[PDB]
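Keeping their order, the protein sequence lines are chains A and B. Mapped onto the working numbering, the consecutive letters of the first sequence carry residue numbers 54 to 140. Mapped onto the working numbering, the consecutive letters of the second sequence carry residue numbers 319 to 404. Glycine included, each C-beta is placed from N, C-alpha and C at the ideal position. Structure record follows, encoded as structure tokens.
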Amino acid sequence: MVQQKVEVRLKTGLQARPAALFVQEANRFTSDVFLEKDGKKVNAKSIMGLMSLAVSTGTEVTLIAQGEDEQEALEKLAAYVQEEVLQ
Amino acid sequence: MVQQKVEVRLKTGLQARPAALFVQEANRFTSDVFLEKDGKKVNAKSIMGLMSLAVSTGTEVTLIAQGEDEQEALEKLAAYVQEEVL
């Protein structure tokens, strides 16, 4: 057996469970909702879309909502992404 | 429309493609391979296992290889994980 400590330089993104829950919450709104970082935009109502964005825990991203319930969508989703929960 | 910058506090891990390619590379060897962080060890020839480790780009993890070709497996996978070109 041999071991070595290495630095992960491969791309990371949201894990499956957190992404699935994000989508469940985002689907409650009629607004289009996107997550954006470095000019790349993904659909927040898509599990595979959310997991395609390169992000690390602690990274800053832009949450965008457009539609009739955009304020409510932004409030609920910003809380979710930041591990907060408003209720 | 409205927007707001937020900090991602949700858990992250290797993306699907890099995880799948790591396994393709590991499949080249007969050795069993594992990745370990913070007491959590996963089978590195399992894509789901690989992706279940909480990691961020830049994080340090321990790569473990055991088998007949363990030394060569370790070298080649260490280079892959660190994105080093030969």
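Distance, Cα to Cα, residue i vs residue j?
i	j	result
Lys-129 (chain A)	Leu-139 (chain A)	7 Å
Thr-380 (chain B)	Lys-363 (chain B)	15 Å
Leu-88 (chain A)	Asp-387 (chain B)	43 Å
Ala-344 (chain B)	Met-104 (chain A)	23 Å
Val-351 (chain B)	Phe-82 (chain A)	44 Å
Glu-378 (chain B)	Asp-356 (chain B)	10 Å
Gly-102 (chain A)	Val-95 (chain A)	5 Å
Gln-389 (chain B)	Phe-75 (chain A)	42 Å
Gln-119 (chain A)	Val-59 (chain A)	42 Å
Does the beta-carbon of residue i have 16 or more other beta-carbons within 10 angstroms, so that it is buried, or is it exposed?
i	result
residue 467 (chain B)	Since the displayed chain B opens at 319 and closes at 404, residue 467 (chain B) lies outside it and no answer follows.
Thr-375 (chain B)	buried
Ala-73 (chain A)	exposed
Determine which residues share a DSSP beta bridge with residue i and list them.
i	result
residue 41 (chain A)	Residue coverage of chain A in this structure runs from 54 to 140, which leaves residue 41 (chain A) outside it and unanswerable.
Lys-98 (chain A)	None, per the DSSP bridge assignment.
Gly-120 (chain A)	In DSSP, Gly-120 (chain A) forms no bridge with anything.
Is it the case that the Cβ atoms of residue i and residue j are separated by a distance below 7 Å?
i	j	result
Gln-400 (chain B)	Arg-62 (chain A)	yes
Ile-117 (chain A)	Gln-321 (chain B)	yes
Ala-131 (chain A)	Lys-64 (chain A)	no
Just to check, is the beta-carbon of residue i closer than 6 Å to a non-hydrogen atom of the ligand FAD?
i	result
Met-54 (chain A)	Ligands in the displayed structure: none, and consequently the ligand FAD is not present.
In chain order, what residues of the stretch 372-392 of chain B put their CB closer than 7 Å to some CB of chain A?
Under the 7 Å Cβ criterion, the stretch 372-392 of chain B contributes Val-373, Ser-374, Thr-375, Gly-376, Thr-377, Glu-378, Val-379, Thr-380, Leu-381, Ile-382, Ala-383, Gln-384, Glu-388, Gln-389, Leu-392.
Near-chain A residues of the stretch 340-362 of chain B (beta-carbon distance less than 7 Å), N- to C-terminal order:
Of all residues in the stretch 340-362 of chain B, none has a Cβ within less than 7 Å of some Cβ in chain A.
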